[PDB]
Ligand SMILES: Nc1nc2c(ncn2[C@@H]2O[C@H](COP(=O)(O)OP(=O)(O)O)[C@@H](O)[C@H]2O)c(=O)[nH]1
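Shown below, as structure tokens, is a lone chain in the form solved without ligand GDP; questions about how it binds or moves come after it.
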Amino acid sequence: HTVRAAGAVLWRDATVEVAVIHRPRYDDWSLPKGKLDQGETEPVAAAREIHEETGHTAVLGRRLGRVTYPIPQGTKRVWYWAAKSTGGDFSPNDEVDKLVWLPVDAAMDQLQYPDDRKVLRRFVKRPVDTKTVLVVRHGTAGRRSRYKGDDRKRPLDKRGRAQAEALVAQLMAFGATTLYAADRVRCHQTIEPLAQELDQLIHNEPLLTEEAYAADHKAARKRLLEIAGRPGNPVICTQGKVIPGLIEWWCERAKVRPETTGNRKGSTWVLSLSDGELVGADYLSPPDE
């Protein structure tokens, strides 16, 4: 088996301080992480584990890489995020008995595992006070038909409806506040469960269908940057042919390396921006993968 886990560098203002935890099971100093519970995706598991271990709520930002090691059960795979504390404070729990807030240099010395230190080096390499654009490929929606129009009305299938419900907690982990969808039923439907959770309208985006993208790709780019520039953390749901065109373009101009790549239905690209520049592009699997 591969056990799936998630962790973070939890940080707050003043340079910046990060949280290092102490665990009595091993008498060690490390970054918060834990295992995914049933039906959870990594971002959710990170936020939960940060709250359980540290007492802090937080909003995830840039992904900071992956750590993999053997365990009795097989292999543990831990994905890490940068996480801005949004409040709270620590008190001892069974897993974690002490927590210290340390500037990065002092954290680096406090952390006993080389793999943690590597994560913290990734954290400091780029800005961490970022805003976030969440580009989502619509969920599964059955078969393309022979009628012209790119099936404007074709709905999510059962699996896709489930993928949409699963996205809510995942997108909320990144502080999603505003909703945008290409002018296709299946794109809207994929973020309607989030819309219900936030109680918010979805802005329709005819410039971001595959049709419009091909006819005027420059209009789509311009619109994406417009959406990105507004306050808040926008969710933009679009189609398969649009996404790589836009992401690959934006990564190449910003000199951003995506550590993973894909484009499955119900996947999310977490785009981190600092000062309006892209500093990260993180591909997340569909929640039922």
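Residues that one form lacks are left out of the comparison. Residue numbers here begin at 1 and follow the sequence given. In this text, the rigid core denotes the largest set of C-alpha atoms whose superposition between the two forms falls within 1.5 Å.
Below, we refer to the form deposited with ligand GDP bound, which is not included among the displayed structures.
Participant: Go through 170-178, 67-75, 215-223, 196-204 and give me the stretch that gets within 4.5 Å of ligand GDP in the entry with it bound, heavy atoms only.
Facilitator: Of the options, only 67-75 has residues within 4.5 Å of the partner.
Participant: Report yes if any heavy atom of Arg23 sits within 4.5 Å of a heavy atom of ligand GDP in the entry with it bound; otherwise report no.
Facilitator: Yes.
Participant: I'd like to know whether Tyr113 contacts ligand GDP in the entry with it bound, with contact meaning heavy atoms within 4.5 angstroms.
Facilitator: Contact check for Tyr113: yes, within 4.5 Å of ligand GDP in the entry with it bound.
Participant: Consider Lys33 of the chain shown here, and say whether it contacts ligand GDP in the entry with it bound, taking contact as heavy atoms within 4.5 Å.
Facilitator: Contact check for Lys33: yes, within 4.5 Å of ligand GDP in the entry with it bound.
Participant: Just one of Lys158, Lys125, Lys218, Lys148 has a CA that shifts 2 Å or more between this form and the one not shown on a core fit; which is it?
Facilitator: That would be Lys148.
Participant: Hey, the CA atoms of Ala215 and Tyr147 end up closer or farther in the entry with it bound than in the shown form, with the change being 3 Å or more?
Facilitator: Relative to this form, farther apart in the entry with it bound.
Participant: Explain in one word, closer or farther, how the Cα atoms of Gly149 and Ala215 are placed in the entry with it bound relative to this form, where the distance changes by 3 Å or more.
Facilitator: It is farther: the C-alpha separation of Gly149 and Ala215 rises by at least 3 Å in the entry with it bound.
Participant: Could you identify the runs between this form and the one not shown where three or more consecutive residues, present in both forms, all have C-alpha shifts of 2 Å or more after superposing the core?
Facilitator: Runs 69-75, 145-150 stand out as displaced between this form and the one not shown - each at least 3 residues long.
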